[PDB]
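Single-structure report; data block below.
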Amino acid sequence: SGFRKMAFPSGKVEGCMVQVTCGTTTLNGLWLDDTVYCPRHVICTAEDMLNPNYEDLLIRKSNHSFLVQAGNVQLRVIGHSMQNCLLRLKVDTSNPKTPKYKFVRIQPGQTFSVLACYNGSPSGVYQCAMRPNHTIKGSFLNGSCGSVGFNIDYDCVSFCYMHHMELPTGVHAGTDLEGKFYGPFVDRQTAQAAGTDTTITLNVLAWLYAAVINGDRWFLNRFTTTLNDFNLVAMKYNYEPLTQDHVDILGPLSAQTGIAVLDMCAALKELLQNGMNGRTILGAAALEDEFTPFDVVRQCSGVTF
Amino acid sequence: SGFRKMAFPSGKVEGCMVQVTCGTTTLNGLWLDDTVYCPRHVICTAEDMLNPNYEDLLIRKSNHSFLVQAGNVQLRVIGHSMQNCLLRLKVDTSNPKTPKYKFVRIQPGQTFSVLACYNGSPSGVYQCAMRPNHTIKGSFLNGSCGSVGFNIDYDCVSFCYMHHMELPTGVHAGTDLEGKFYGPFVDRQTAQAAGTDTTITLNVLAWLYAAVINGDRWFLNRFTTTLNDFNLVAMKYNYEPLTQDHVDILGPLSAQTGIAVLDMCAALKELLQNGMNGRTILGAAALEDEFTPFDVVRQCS
């Protein structure tokens, strides 16, 4: 009954992780029904990445140019096309583990789970958040390309992220399951770099409510603040500016605790200008910004799948 | 690159979670082959929990006394027995989703994944460490009892933990899959409290190498140190004393980074003594110790 950055159960997703190899290039594929999705750069190699003409490289590819391995069974690819940055492979077998699912494009600040895979093999799962600067500070080794990000609603897996690349700063860039990159990032080797990041203020506030819910509330005060004054302070400390929308998304939580959002902003304000003073909140020495308002209700309602 | 506190994929464990009910008590259970494992206290209510006698309690129960369900479907229990603080119930169906598994008793400082369950349904997964005082700093609402901690090596699930209860300080206590409690606790409403919790020195050094490997190394310095001198400081700060066994274990990571273990101890002596100075390591504002050296080498190569 503490509080823990929890990942969704990865069971339904593990069942869709396969291996996709093109010559010497091996990475991960997403097998949903008779389609396998993966990053199109699987048809690349060293030289290729520097200004690749994906269309012309793909033309030189036959269906036999790909080997697809689900466990120890080989999947026969019978069709292939490109959809934006993804390769779509058509296999002769509809994945018997296909879960109820859907594809979504998430928004900056929003969190999800990542099942890290290699050679088609799920190696681990963690939570992370789409950074305001459109990157995930993840943990990926070579051949992790293809690992996916997802959330879960009741029955339905919502796929929202596929991994393509690591930026110079060690941060990470990828696409939604439609092949569109998040951010201005391209799957070429160019001099693209992550712009400056900021703290997801919405998620800090949700976390602060979390603490209060769990009876951890020493930081609350008697005053309130305006949305302006709050944004004048936050942007000094590199926080995303807070919007009336953000305020409304915090609705349920502020209702649950009976603490208004601008009243909670006052608390953040003093936590920023004055720091934490060797105190903790939910056992943390620093403020957390990778819990969304919905994560908090989720974990605090013992929601189940 | 990057460094997250990853759990193992929970898929294999999901397929053995079930709901076990007795009277008006319901908790989770583990379904491997034709046997269901759950905490023996599923047979307690109100009175019982304050100083019970699980021996007299069980004799008064039949197979019929246990409602077991994989999802909406009831499983016929054709047998029951007590094993230490566990209850074992034989069922008439084998579990097809039963994976390659084994029961292991881990040691404080080691890490595992927990699959938090309610009514036999998964809520989430997370990685943690078995504390030196034998508790785990978990996230377990009411009814999570019977959820399991595990590790996965290859195809094979190693179960090491089944959750039994929560202590006054809001931390958690449980048993290996053989029914024996980690640490001196009992499944009774009593005045038991957790011993002194210390930082897991070995894990912290591992995590400092994880920070070096990932480019974060402002905390490094010219000095080195002796084992004795490091322990004299580290103990001042409620840190586990460090041993040669511990240093040896750290070999591979020192050989990876260049940095000698003892040099890293000297860096760690500075951190303990000076605080972090408003800076972070791998984004963290406090030293992190739920990573084993085996954990770090694996995630970092």
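Basis: the model, the stated rules and, where named, an outside source; no laboratory instrument gave them. Neighbour counts run over all protein chains shown; Cβ positions are idealised from the backbone, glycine included.
Taking the options B:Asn72, B:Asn53, B:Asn63, B:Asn84, name whichever one is touching a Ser or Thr at 6+ places or on another chain (Cβ under 8 Å), surrounded by fewer than 17 Cβ atoms within 10 Å (Cβ to Cβ) and not basic (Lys, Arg).
B:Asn84
Which is buried (at least 21 other Cβ atoms within 10 Å of the Cβ), among the acidic types (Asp, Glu) and assigned to a loop (DSSP other than H, G, I, E, B), of A:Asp216, A:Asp187?
A:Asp187
Is it true that some residue in the range B:4-15 is part of a strand (DSSP E or B), surrounded by 18 or more Cβ atoms within 10 Å (Cβ to Cβ) and within 14 Å of chain A (Cβ to nearest Cβ)?
Yes, there is a match, as at least one residue in the range B:4-15 is part of a strand (DSSP E or B), surrounded by 18 or more Cβ atoms within 10 Å (Cβ to Cβ) and within 14 Å of chain A (Cβ to nearest Cβ).
Quick check, is A:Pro293 under 30 Å from A:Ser10 (Cα atoms), surrounded by fewer than 15 Cβ atoms within 10 Å (Cβ to Cβ) and more than 13 Å from chain B (Cβ to nearest Cβ)?
It is false that A:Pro293 is under 30 Å from A:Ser10 (Cα atoms), surrounded by fewer than 15 Cβ atoms within 10 Å (Cβ to Cβ) and more than 13 Å from chain B (Cβ to nearest Cβ).
Inspect all residues belonging to the range A:29-49 and state whether any of them is closer than 30 Å to A:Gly215 by Cα and either assigned by CATH to the domain that holds A:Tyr126 or in contact with a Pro (Cβ under 9 Å, 6 or more places away or on another chain) (or both).
Checking the range A:29-49: not a single residue is closer than 30 Å to A:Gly215 by Cα and either assigned by CATH to the domain that holds A:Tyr126 or in contact with a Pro (Cβ under 9 Å, 6 or more places away or on another chain) (or both).
Condition first: within 20 Å of B:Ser301 (Cβ to Cβ) and in contact (Cβ under 8 Å) with a residue 60 or more places away in the chain. Now tell me which residues in the range B:216-232 satisfy that.
Listed by number, the list holds a single entry, B:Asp216.
Would you confirm whether or not the range B:246-263 contains a residue that is hydroxyl-bearing (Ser, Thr, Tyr) and touching a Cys at 6+ places or on another chain (Cβ under 7 Å)?
There is no residue in the range B:246-263 that is hydroxyl-bearing (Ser, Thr, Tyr) and touching a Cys at 6+ places or on another chain (Cβ under 7 Å).
Within the range A:264-287, take every residue that is in contact (Cβ under 8 Å) with a residue 40 or more places away in the chain and under 19 Å from A:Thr243 (Cα atoms) and give me the one that is nearest to the other protein chains (Cβ to nearest Cβ).
Per the stated criteria, the residue is A:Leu268.
If you scan the range B:105-116, which residues turn out to be more than 8 Å from every other protein chain (Cβ to nearest Cβ) and assigned to a strand (DSSP E or B)?
B:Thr111, B:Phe112, B:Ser113, B:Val114
Find the residue count for the range A:119-171, including only residues that are among the aliphatic types (A, V, I, L, M), within 12 Å of chain B (Cβ to nearest Cβ) and either farther than 28 Å from A:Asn238 by Cα or assigned to a strand (DSSP E or B) (or both).
Summing the residues that are among the aliphatic types (A, V, I, L, M), within 12 Å of chain B (Cβ to nearest Cβ) and either farther than 28 Å from A:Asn238 by Cα or assigned to a strand (DSSP E or B) (or both) in the range A:119-171 gives 6.
Rundown of residues vs (1) touching a helix residue (DSSP H, G or I) at 6+ places or on another chain (Cβ under 8 Å); (2) more than 26 Å from A:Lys137 (Cβ to Cβ), yes/no style:
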site	(1), (2)
B:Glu240	yes, yes
B:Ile259	yes, no
B:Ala266	yes, yes
B:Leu272	yes, yes
B:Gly275	no, no
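Got a sec? Which of B:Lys102, B:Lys61 is among the charged types (D, E, K, R), touching a residue at least 24 places away in the same chain (Cβ under 8 Å) and assigned to a loop (DSSP other than H, G, I, E, B)?
B:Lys61
For A:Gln192, indicate whether it is of a type in the set (S, T, N, Q) and buried (at least 20 other Cβ atoms within 10 Å of the Cβ).
no
Can you say whether B:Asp248 is free of Cβ contacts under 8 Å to residues at least 60 places away in the same chain and either farther than 18 Å from B:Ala129 by Cα or surrounded by 21 or more Cβ atoms within 10 Å (Cβ to Cβ) (or both), as far as the supplied structure shows?
Here the answer is yes, as B:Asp248 does meet what is asked.
Scanning the range A:16-54 for residues that are more than 21 Å from A:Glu178 (Cα to Cα), assigned to a loop (DSSP other than H, G, I, E, B) and not polar (S, T, N, Q), which turns out farthest from the other protein chains (Cβ to nearest Cβ)?
A:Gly23
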